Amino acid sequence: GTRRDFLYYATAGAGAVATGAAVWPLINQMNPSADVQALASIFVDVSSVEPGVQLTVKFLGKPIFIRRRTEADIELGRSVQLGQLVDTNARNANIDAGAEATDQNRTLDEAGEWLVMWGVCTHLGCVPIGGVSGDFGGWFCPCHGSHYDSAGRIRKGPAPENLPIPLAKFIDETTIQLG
């Protein structure tokens, strides 16, 4: 019956498993190690940040932008209509994933003075240049030419989305906790 046909199948099946058991750990060693998986929040002192200054800080190997926006930056941001935006999602880890990209939903405070976001261009990961650059009074990405406005929303170029906003909150009067 099925006694002499089955041995050559069961043996080959064990060999296939053995190869897979050898191959998976060879792949997973390149996945993030325990030292990387464990990187935790950081705190940034901000008392020294005047309006019109962007503070740039390293977090998870990438830049984080902290701009204390001026009156001009804030006025421009609220003046943009939703239907004029490339991406109408807030891209904000602190609120609903579906929240809309109004200027109020892009800042930590209700006054809209403190803009905290990942300084990582959403096209292919470069750093946009700040100091009121580009055609929308915000940031300009020199790698392939994306323009962001004064609230960090994408308006022009290859980038598909607004600069993502990390988990961020004032822990006290003068300190922001990222992550």
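Quick note: we count residues from 1 along the sequence shown, nothing fancier.
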Of 122-130 and 144-152, the stretch whose C-alpha atoms average the higher B-factor in the entry: 144-152
Residue stretch of maximal mean CA temperature factor, 42-50 vs 59-67: 42-50
Third assignment of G137 from its chain's C-alpha B-factors: middle
Record-listed C-alpha B factor of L108: chain third: highest
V86 by Cα B-factor - lowest, middle or highest third of the modelled chain: middle
Ranked against its chain, the third holding the CA B-factor of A93: lowest
Relative C-alpha B-factor of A18, binned into the chain's lowest, middle or highest third: lowest
